[PDB]
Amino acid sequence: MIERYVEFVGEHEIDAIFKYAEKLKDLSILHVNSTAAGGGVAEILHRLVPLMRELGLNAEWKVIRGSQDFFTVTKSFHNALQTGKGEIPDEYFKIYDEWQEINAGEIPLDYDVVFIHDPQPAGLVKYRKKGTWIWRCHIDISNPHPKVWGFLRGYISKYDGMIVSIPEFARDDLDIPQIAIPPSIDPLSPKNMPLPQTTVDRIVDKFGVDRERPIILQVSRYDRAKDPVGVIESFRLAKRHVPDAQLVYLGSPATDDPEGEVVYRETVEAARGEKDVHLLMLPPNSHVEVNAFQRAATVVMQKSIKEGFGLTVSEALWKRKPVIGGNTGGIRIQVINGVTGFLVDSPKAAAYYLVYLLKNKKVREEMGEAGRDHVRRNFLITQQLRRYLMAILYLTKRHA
């Protein structure tokens, strides 16, 4: 598999990966996160952990378990860290700590390297043996709720190091190494692989979307952070000027996200009257269906209020789609304003750029080529893999 990436990134990146992998042959590595079920962290680890194994690394991946209440508490911590807002009962921290204890009993932690992904398992460091512990933060912690952050920083300060997706998430109030490594797409995964036009046509038609007219696509959960209501608004404002245009909102549920409906109803409401709005809800691991819709799209949106990175952006740029992205978090390192897409602070701004891109075919096409090249140079899985191997070599040598 790893030799297949030379086509994209060249022989020098691949040789470096082998050289780093050689130095790490005798370390065991554990990844712990909140879901294998699909999207985001699971989607990365489903490609990344097997690549680590192909390079001869003893890499394992274990998923924590919880009650509906546990995921209620962790979803509230997530929103509180990203928005700086929310009322957090004292009971939330007790539920959290109790489910750390339960998982610690059921997950062996005797590894040379332990990667803990995101806040849900951060408390497992209480039960650490003598290996190197790395907190992999996927979310925006730039301006967090002081009580939720104060609590979490209690655990984070005990790690050997920490990975954030962009430098802007690095914390002034931590002394441990903070390394900025963005997530990545696998260009050979079912999400990103080339499809024949037949496959694209099949899937777009199946869902009752007109292939012969322009499609505006957002791939995202029905989550307030992705602002589905604001996407509909953007589309409604643009639709006056581009009457042939259709909106497809392609959502899926998340194992650690119980707050996934009512927003759907609000979205349905904001959609009422417009027949060219398609609010789709697909199973997780509908990767080829997402692929098809991204290739079918004329313009892609990721109009997030908050976003750690937004893999949906690089997925669209790779397929040569311009992206209108929320001016926030890791969207800003993928969407280079006027080059790979446009950054927006409101639905009204999004509408202006929707009409611009739909009226300017050569500009759209150029932006798409610049998007793919920007992802080829920055956001492919071999770069993330190479930088992870370097972080492990760096931090294990500091630990020992």
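Basically, rigid core = biggest C-alpha set you can superpose within 1.5 Å across the two forms. The first residue of the shown sequence is 1; numbering continues from there.
When the other structures are laid on the shown form by the core, the C-alphas of 298 to 306 and 260 to 268 differ in how far they drift in 4 other deposited structures of this protein; the larger average drift belongs to 260 to 268.
Root-mean-square C-alpha deviation from the shown form, taken over all structures in 4 other deposited structures of this protein superposed by the rigid core, is larger for 245 to 253 than for the alternative among 245 to 253 and 196 to 204. The PDB entry reports B-factors from which the mean C-alpha value can be compared for 287 to 295 and 87 to 95; the larger average falls on 87 to 95.
For the pair 199 to 207 and 265 to 273, the mean B factor over Cα atoms is greater in 265 to 273. In this entry, the residue among 127, 249, 309, 159 with the greatest C-alpha B factor is 127. Across 337, 68, 334, 346, the greatest Cα temperature factor reported in the deposited entry is at 68. Sort the chain's modelled residues by C-alpha temperature factor and residue 227 lands in the middle third, per the entry.
Residue 21 sits in the middle third of its chain by CA B factor, as recorded in the PDB entry.
In this PDB entry, residue 234 carries a Cα temperature factor that places it within the middle third of its chain's modelled residues. For residue 27, the recorded CA B-factor ranks within the highest third of the chain. Only modelled residues enter the ranking. For residue 363, the recorded CA temperature factor ranks within the middle third of the chain's modelled residues.
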